[PDB]
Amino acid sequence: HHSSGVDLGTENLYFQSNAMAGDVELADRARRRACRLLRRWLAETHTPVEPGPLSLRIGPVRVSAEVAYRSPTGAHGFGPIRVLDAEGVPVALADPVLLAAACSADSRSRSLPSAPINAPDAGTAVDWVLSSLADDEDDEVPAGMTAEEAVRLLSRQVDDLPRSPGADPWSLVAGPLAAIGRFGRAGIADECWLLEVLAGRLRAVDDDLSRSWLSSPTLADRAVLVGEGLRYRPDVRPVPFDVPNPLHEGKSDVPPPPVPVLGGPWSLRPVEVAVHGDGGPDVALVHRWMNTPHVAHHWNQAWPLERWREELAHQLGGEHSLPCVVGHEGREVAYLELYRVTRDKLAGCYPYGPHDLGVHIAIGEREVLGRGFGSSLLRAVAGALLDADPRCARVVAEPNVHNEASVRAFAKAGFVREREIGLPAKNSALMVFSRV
């Protein structure tokens, strides 16, 4: 005699409580899924990760999470992933379809409107994740596995790599390296040690691929969230991209960027930072330029004077980046950074050569000058850099695919669009000016 409910006996409580028992596991399965999505998002945007708090803008939502275990292969261990409002208050847990929707919105926004990922029949990462909820969940690393059994499995996986011409180049990331990350995250063994072991198993094979996998600074992977060429029917059609090679050494002996000499109407000199006092007029020039809106809209470094003063000093003291003032017929008009790719975030994004050089550029005095000038300066700088370093194979740049005038300036200057790449705050057109 309950008309809005079911009359309860102990048997009803039993049935419904049995069902409630697996919900603990269901929540853990959603946790593992959201973590997998987040690891991919970080790899595919090449976002750096350190132990401690991670805070990210993903499409329409701010996401934050504790990085409890920072993995050398990207197999990080997270605390609860939370959505924050503008003031930093948690308003939701970041469950898998939520993340899939945020990532999809961010990614579709990152690529150009005419890109395949934005075609009307392309599907979305949400369709993909939705369609996958009933797939069999993959078995977890035995929490009690020994390091020796781990090495045992890792050797069997290395040796079962086809190593034959026409092999999948991403098989190394997808196989042994993914397994290393899972062992590390389970606390089974140190991933640095497991990578050394992996290096040994590769030096023995002496194949084509094994010598390559040990020397090259990047490896092939496959992207499932970021990439202008993605499709979900409703299953994902992944697209290739490059990631840092964990087996590759740290700092090379590559000298700092050279000071080129530009022809035509252009002049170039390094930024000067006075140790004494304000920092000088070069710090002020860059600071002024960097805070104008048309520059901040691309560089997003509208910093105070002193922050810029010590950025420029830090760069000048290093071997990575060389900040310069560019003149046009006697007027200081532009700022650029010439940088060695080998010490740059670009080093994780494409199979670079050790001397590769890149250019970031900001045109400061457009407000009173310049039309057609863009391509001319870019050409002058590219050629002059190849002249200054005969061991440099190419000059490169990564304008936002949405910065269409910049992309066109680079192409008219002779850079070729090699690919789209995913970066922490944008997708870029990778423009390459090659030596011939």
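Note that residue numbering begins at 1 and tracks the sequence as displayed.
- Averaged over CA atoms, B-factors in the entry run higher in 205-213 than in the other of 192-200 and 205-213.
- Look at the mean CA B-factor for 24-32 and for 367-375 in the entry; the higher one is 367-375.
- Across the residues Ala223, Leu305, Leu98, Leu177, the deposited record lists the maximum Cα B factor for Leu305.
- When the C-alpha B-factors of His276, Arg182, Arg340, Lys345 are ranked from the entry, the top spot goes to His276.
- When the CA B factors of the chain's modelled residues are split into thirds, the value for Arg231 lands in the middle one.
- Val295: CA B factor lies in the highest third for its chain, per the PDB record.
- In the deposited entry, the Cα temperature factor of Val254 sits in the top third of values across the chain's modelled residues.
- Looking at the C-alpha B-factors along this chain, the one for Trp128 belongs to the lowest third.
- Per the PDB record, residue ranking by Cα B-factor puts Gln157 in the highest third of the chain.
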